[PDB]
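Enquirer:
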Amino acid sequence: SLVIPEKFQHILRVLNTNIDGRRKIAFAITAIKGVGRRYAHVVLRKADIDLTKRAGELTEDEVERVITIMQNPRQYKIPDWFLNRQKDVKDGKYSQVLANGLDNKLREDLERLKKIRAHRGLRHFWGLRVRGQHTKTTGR
Amino acid sequence: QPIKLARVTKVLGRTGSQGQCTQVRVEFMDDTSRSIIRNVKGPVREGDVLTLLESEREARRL
Amino acid sequence: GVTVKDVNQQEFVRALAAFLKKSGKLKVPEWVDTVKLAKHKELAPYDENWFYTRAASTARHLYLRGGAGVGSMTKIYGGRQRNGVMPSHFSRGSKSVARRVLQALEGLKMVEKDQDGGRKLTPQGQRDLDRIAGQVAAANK
Amino acid sequence: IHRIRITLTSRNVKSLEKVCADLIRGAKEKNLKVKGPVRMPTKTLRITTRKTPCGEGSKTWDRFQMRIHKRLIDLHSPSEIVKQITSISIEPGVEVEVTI
Amino acid sequence: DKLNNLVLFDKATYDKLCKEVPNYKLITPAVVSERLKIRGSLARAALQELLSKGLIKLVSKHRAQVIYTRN
Amino acid sequence: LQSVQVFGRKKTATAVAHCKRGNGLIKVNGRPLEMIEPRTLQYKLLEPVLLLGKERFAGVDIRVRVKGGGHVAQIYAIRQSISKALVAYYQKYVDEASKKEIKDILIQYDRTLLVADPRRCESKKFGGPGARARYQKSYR
Amino acid sequence: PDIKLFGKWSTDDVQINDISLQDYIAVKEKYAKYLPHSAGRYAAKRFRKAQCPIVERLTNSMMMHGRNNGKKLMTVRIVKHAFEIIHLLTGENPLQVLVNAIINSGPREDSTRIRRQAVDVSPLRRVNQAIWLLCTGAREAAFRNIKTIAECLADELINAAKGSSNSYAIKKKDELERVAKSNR
Amino acid sequence: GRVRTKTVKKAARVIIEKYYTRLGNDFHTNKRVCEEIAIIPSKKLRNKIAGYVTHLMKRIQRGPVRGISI
Amino acid sequence: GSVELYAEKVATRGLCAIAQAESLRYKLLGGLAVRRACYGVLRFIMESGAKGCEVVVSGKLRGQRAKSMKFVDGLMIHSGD
RNA sequence: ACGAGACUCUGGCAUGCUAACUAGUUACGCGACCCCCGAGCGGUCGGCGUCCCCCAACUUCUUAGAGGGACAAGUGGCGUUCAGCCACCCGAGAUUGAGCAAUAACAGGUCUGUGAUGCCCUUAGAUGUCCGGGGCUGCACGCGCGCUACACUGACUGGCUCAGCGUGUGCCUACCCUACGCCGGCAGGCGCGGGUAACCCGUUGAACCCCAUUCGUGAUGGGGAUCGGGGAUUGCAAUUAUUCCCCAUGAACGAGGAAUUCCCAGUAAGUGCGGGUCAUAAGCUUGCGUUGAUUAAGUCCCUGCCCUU
RNA sequence: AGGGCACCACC
Ligand SMILES: [K+]
Ligand SMILES: [K+]
Ligand SMILES: [K+]
Ligand SMILES: [K+]
Ligand SMILES: [K+]
Ligand SMILES: [K+]
Ligand SMILES: [Mg+2]
Ligand SMILES: [Mg+2]
Ligand SMILES: [Mg+2]
Ligand SMILES: [Mg+2]
Ligand SMILES: [Mg+2]
Ligand SMILES: [Mg+2]
Ligand SMILES: [Mg+2]
Ligand SMILES: [Mg+2]
Ligand SMILES: [Mg+2]
Ligand SMILES: [Mg+2]
Ligand SMILES: [Mg+2]
Ligand SMILES: [Mg+2]
Ligand SMILES: [Mg+2]
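This is the structure we're talking about:
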């Protein structure tokens, strides 16, 4: 049980991300942008994966099931309020954006705000604080 | 020189720049005579036993 | 004769939770695998069967002190909320969790609504808890 | 007869106690079953404020406080007799509330 | 330099555990981790397995410190 | 009907022990004396019984009701109340010699078993976070 | 009824070799207690701390730094586990190990820096500084290390009792006495 | 410090000079006598005066005292 | 008709600080010299039976620069209950 | 003679006094549950009731009035043997903490607290007053008070178990504290009650702490800045994010140079809770408890202040 | 030149 298996994977590649196999699975899939601790735990609960095993101990079928549930949360009764992209301003769809998708979403949001020349977009463009913080003394 | 044990028989008074040291008179335990004057750092009172690593020196009023 | 107050309370809670799970008539909400138990928590409970433990704890609290409502339960299960770079403060538990636990215990007929408001143990619930306490004492001895 | 509750409230302990003692002495003289003066916890109203009218100097504070003392007396007597007993001279600063 | 501990036993480390560890006077997860270059979780699990098999004896158990000893 | 009710104090914690003629029961808030938390300080509660022997307590039942203060203060209040209750029961329903000897044992071991510690929290004063500490002073 | 610390460690067999410190290490007879938690007023008057049991003085000195201030239950648990570890490692009485560690850690000569001049050290300050050095060594060994604080305290006490140079307290005492000798 | 002020000392000296025959070495009896024969506004002041009276009575028994003329 | 007002005379006009302050105020408004008015009030207070009194008048008494004149008599306490 | 002291408030003691259904205890009666065994005058009950047609005694615990109590009083030592100092016994206590606070001053602050006020200025295109919008928050930088941290004497997830101070529905005046039931994952929403308060919130189930769990020395499950998306609440109005909630993002920081602050006992420090501000509301302040030390009982070396020549 | 005092001084 405590001896390392022959199929143990030191490094996994999931969604163009290097997942360390030495970490526990829940805190190992948090290496993916868009997956935090809460979302990782709920995904693994939906996937019926034992939380006590390391990332390398997972089989290929288990990894594939985890990836599928991660990329399609709504099909597995993961509630909308759990998602980091709710009611998208362009499509109105609920989803969980991950990794390059998350980066593209951030760039698109900033580009839209700058294109309409909203105040927050201008603050982002100038590189200043955008949530009303004082800038006189901090942020140097 | 062997380590010596002395017994405080009288607390003379405070000494040092900030008054941190206490000047006392000690009588040797090996020989009841040969009482000398020593400077002690820390709270000391009559009847305490000091361990003199060098028993030849004298306080000389610090 | 053994009553609840005669035994170790943590061991009693574990035994009562095991008893409730083994009986298997306790109604469990569909969202137990998704929620966290309070806004001051950072993660969902480690134990998959946290609902049975919470129900056993609630029943023990009602045994010790009857007439407690959902607000009292949320006060009981409240804790410290850390606020990032701001100081920490007391925070209450999940009202839905407390209410569902109380309703499930009522469904088991171990809990009934008190006349003056809140909930209390039925004689059947008191009997069940005293039997569990006797089992805990026997196991310890 | 009716059960009469007299609630006395004051900021002066000495005058409050004098009034309570006089009321109880009157009730005893009229030969009435009187429950002794129940003393409610004293209330301490506090106002803490900066001493300075401006914002200058060492930040010193004034701690003003007012103390309110409350007493309860229970009687079993007719309303007319209770009113006659309460008709005695009441020291200034004592507020009396009679309930039947 | 950073110490790279093992999350799971290899054959040599497992044999070294099962051979030498039941002979220590003081057996704690921290000392076992330091000696065998394993993580604290692996050390705790291994010591629990040894206790279950009866190779070592439990002296004290606490949420912050667990102390075992040789039989 | 032989009984006494004796209190013990520590900070704002107050424990009243009712000691009556009995068979050797000792309870605190209805729980056995060995079940009171925190159990790090269980010997503090057991000290009166360990010092005097179970034979002294074999003839009395003592029930302790404690409230106020914190965990440690309640522990100290409970032990003081138990000791004082046994001393009072002995001095009232037994000879003075037994009371004197048990009181001497308790006093020799620890005076706070019979005499309350009068220390109380000191009031905060303006200009600092507490009773003595002052706010930091700057010059330039 | 013999009183044993934590119900395990007896005080009757504990011996204090150094006669200068015998009046400042309260360990046996009237100073034998079940727990190192008395809530006593030892700081009320001068020298009264000499009556405080030495285990309780160690427990008090373990409540550092600020984040651990006032957590005497935690330090009591730490001391209990450290004594258990010491007994497992040495087979001796943990009280005897603690007494030997304090005796070996107390510096006997110091320098007062009035250019510095050598002065003697009173027994009470010897005990105080020995406890301070032992706790400081344990704390610094345990910081940012998987080794627990109880294990670090046990190792520090064992090394100090043996007089080994692996002990932080022994090294600090040697440095202090060497500087005092130089300024003598 | 426990230095008694001129108020205490002068009151004690006058009390001794006027009522020496009723005073003794017992603080409690002296305190009762002082509260009987003098108007002292506060209990603490009465206790201080009685204590110094007792001290001076011991001194007077041991020998003459300059301040007091009996 | 619920509220009724009555008027009464102060028993010892010389011992009322408010009455004496108003008297001094109207003497000063009447053009009387500061020293004369203050000493008159002081003498009246002392003759009224007071243990002591203090009268302080502050402001531009003479010229533009402001100052205060204090007139004290008898015994006066400052500290304590 | 003022100031000091005395004084007032506060803390600690009273099984002595006064006396309480807006505080309780004990006893008894009824009820619930456990033990057939050893079933009892048993154990647990913040379950109900016992002046309140009539059915029980008391004040230890709580409240708060009166009085008492401590005086360097007793013993030993030092001292001119005075003033007083040190130690010890008995004792709740042998230095609790505050408030008040002299003469004489400062061109100290405040005319932005005032229907306090001299003079000057302005007074209808107003420096009056109201309304709308913006600003007071603006960010290459320097400084001060602070909060959160740098982790394992820890973080996380469960379980268990303890406070005290005090506020609460308002002249104008809109705005109170909230139990319980139901809906929602949460912030919240709906219904229905109590409290103008020792009566209801409330036995104020506080946090730290305690017991287990997972993590394992890795800028890591330490830290939580910054930032995206969504949901609520206050408000006439939330953009320059009011506040709150959810998912996500995951910066510096590995204990801090010269320098420097505060502090000696229930103190420092840790920890939470009230009050003020408040429609919305604490990283501030003013109080409260809880856990609870190391060091010292000294000196004039530094910084100052004071006295004498 | 000498002597006092203070954790808003030091030790
Ligand atoms: K460590
Ligand atoms: K003004
Ligand atoms: K003006
Ligand atoms: K003005
Ligand atoms: K202003
Ligand atoms: K104002
Ligand atoms: Mg992630
Ligand atoms: Mg909690
Ligand atoms: Mg504090
Ligand atoms: Mg005076
Ligand atoms: Mg004064
Ligand atoms: Mg009473
Ligand atoms: Mg000026
Ligand atoms: Mg501003
Ligand atoms: Mg964290
Ligand atoms: Mg990280
Ligand atoms: Mg402010
Ligand atoms: Mg300074
Ligand atoms: Mg310093």
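Chains as they are written, first to last, in the numbering used here: chain A, 1 to 140; chain B, 1 to 62; chain C, 1 to 141; chain D, 1 to 100; chain E, 1 to 71; chain F, 1 to 140; chain G, 1 to 184; chain H, 1 to 70; chain I, 1 to 81.
Think of the CB as a built atom: it goes at the ideal place given N, C-alpha and C, for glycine as much as any other residue.
(1) Does the distance from the C-beta atom of residue 186/G to that of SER60/E stay below 8 Å?
(2) Out of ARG134/F, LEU113/F, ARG119/F, which has the shortest C-alpha to C-alpha gap to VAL6/F?
(3) At what residues does the alpha helix (DSSP H) containing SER10/D begin and finish?
(4) Taking just the CA atoms, how far does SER167/G sit from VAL31/E?
(5) Which residues in chain G have a C-beta closer than 7 Å to the C-beta of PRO43/B? List them in chain order.
(6) Kindly identify the DSSP beta-bridge partner or partners of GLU27/B.
(7) State the beta-bridge partners of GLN81/C as determined by DSSP.
(8) Taking a contact to mean a Cβ-Cβ separation below 8 Å, would you say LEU5/B touches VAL49/B in this structure?
(9) Out of curiosity, what's the CA-to-CA distance linking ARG46/D and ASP12/G?
(10) Would DSSP call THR21/H helix, strand or coil?
(11) Mind the definition here: the stretch 99-110 of chain G touches the stretch 167-176 of chain G only if three or more C-beta pairs lie below 8 Å; say whether that holds.
(12) Compute the Euclidean distance between the alpha carbons of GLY30/F and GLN80/F, then round it to the nearest angstrom.
(13) What does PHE8/A reach in chain E if we use C-beta pairs closer than 8 Å?
(14) Alpha carbons only, please: which of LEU61/I, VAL55/I, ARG36/I, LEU5/I is nearest the one belonging to residue 87/I?
(15) Can you list every residue whose CB sits closer than 6 Å to some heavy atom of ligand 8, going in chain order?
(16) Could you give the residue range of the beta strand (DSSP E) that holds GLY34/A?
(17) Let me confirm a value: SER68/I is counted as buried when at least 16 other C-beta atoms fall within 10 Å, else exposed. Which label applies?
(18) Report the option in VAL4/F, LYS10/F, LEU1/F whose CA atom is closest to the CA atom of residue 150/F.
(19) Looking at the C-beta of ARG38/B, does it have a partner C-beta in chain G at a distance below 8 Å?
(20) Is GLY127/F near ligand 9, in the sense that its beta carbon is under 7 Å from a heavy atom of that ligand?
(21) Between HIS10/A, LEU98/A, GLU57/A, which has its C-alpha nearest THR68/A's C-alpha?
(22) Below 8 Å, can you find three or more Cβ-Cβ pairs linking the stretch 106-117 of chain C to the stretch 37-46 of chain D?
(23) In chain A, which residues lie less than 9 Å from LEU43/C when you measure between Cβ atoms?
(24) If you measure from the beta carbon of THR40/F to each beta carbon in chain G, is any gap under 8 Å?
(25) Between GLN51/G and chain B, is there a C-beta pair that is closer than 8 Å?
(26) Report the rounded CA-to-CA distance for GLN133/A versus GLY84/C, giving the unit in angstroms.
(27) Please say whether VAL32/C and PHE51/C have beta carbons closer to each other than 8 Å?
(28) So, is the C-beta of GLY127/F closer than 8 Å to a C-beta in chain D?
(29) If you draw a straight line from the alpha carbon of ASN16/A to that of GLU64/A, how long is it in whole angstroms?
(30) Would you list the residues whose beta-carbon is nearer than 6 Å to any heavy atom of ligand 7, in the order they occur in the chain?
(31) Can you give, in chain order, each stretch of the beta strand (DSSP E) that sits fully within the stretch 5-59 of chain D and has at least 3 residues?
(32) Under 8 Å Cβ-Cβ, which residues of chain F neighbour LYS59/D?
(33) Looking only at DSSP bridge pairs, what is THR22/B linked to?
(34) Given that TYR14/E touches chain A, what residues does it touch there, using C-beta distances under 8 Å?
(35) Please list, in chain order, all residues of the same chain as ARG99/C whose beta carbon is under 6 Å from its beta carbon, the five residues on each side excluded.
(36) Is there a C-beta anywhere in chain G that falls below 8 Å from the one on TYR76/F?
Expert: The structure says:
(1) Given a span of 1 to 184 for chain G in the structure shown, any question on residue 186/G remains unanswerable.
(2) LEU113/F
(3) Looking at the DSSP string, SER10/D is not in any alpha helix (DSSP H); the run it does join, the beta strand (DSSP E), is 3-10.
(4) 18 Å
(5) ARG46, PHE47, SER122, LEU124, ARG125
(6) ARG7/B
(7) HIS89/C
(8) yes
(9) Cα to Cα, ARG46/D sits roughly 58 Å from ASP12/G.
(10) helix
(11) Contact holds: three or more Cβ-Cβ distances are below 8 Å.
(12) Here the alpha carbons of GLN80/F and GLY30/F stand approximately 18 Å from one another.
(13) By Cβ distance, chain E contributes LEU8.
(14) The requested residue 87/I does not occur in the structure, where chain I is confined to residues 1 to 81.
(15) A Cβ closer than 6 Å to some heavy atom of ligand 8 marks a residue here, and those residues are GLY78/C, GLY79/C.
(16) Counting along the chain, no beta strand (DSSP E) covers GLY34/A, and no H or E run does either.
(17) exposed
(18) Since the first residue of chain F shown is 1 and the last is 140, residue 150/F is not available in this structure.
(19) yes
(20) no
(21) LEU98/A
(22) no
(23) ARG37, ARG38, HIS41
(24) yes
(25) Taking 8 Å as the threshold, the shortest C-beta distance from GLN51/G to chain B does not fall below it.
(26) Between the alpha carbons of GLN133/A and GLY84/C lies a distance of about 16 Å.
(27) yes
(28) yes
(29) For the pair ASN16/A and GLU64/A, the Cα-to-Cα distance works out to about 14 Å.
(30) Those residues that have a beta carbon less than 6 Å away from any non-hydrogen atom of ligand 7 are, in order along the chain, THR30/A, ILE32/A, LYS33/A, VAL35/A, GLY36/A.
(31) 34-39, 43-50
(32) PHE126, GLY127
(33) Beta-bridge pairing links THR22/B to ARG14/B, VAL40/B.
(34) In chain order: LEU2, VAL3.
(35) Once the five neighbours on either side are set aside, the close Cβ partners of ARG99/C are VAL70.
(36) Any Cβ of chain G closer than 8 Å to the Cβ of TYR76/F would place that residue at the interface, and such an atom is present.
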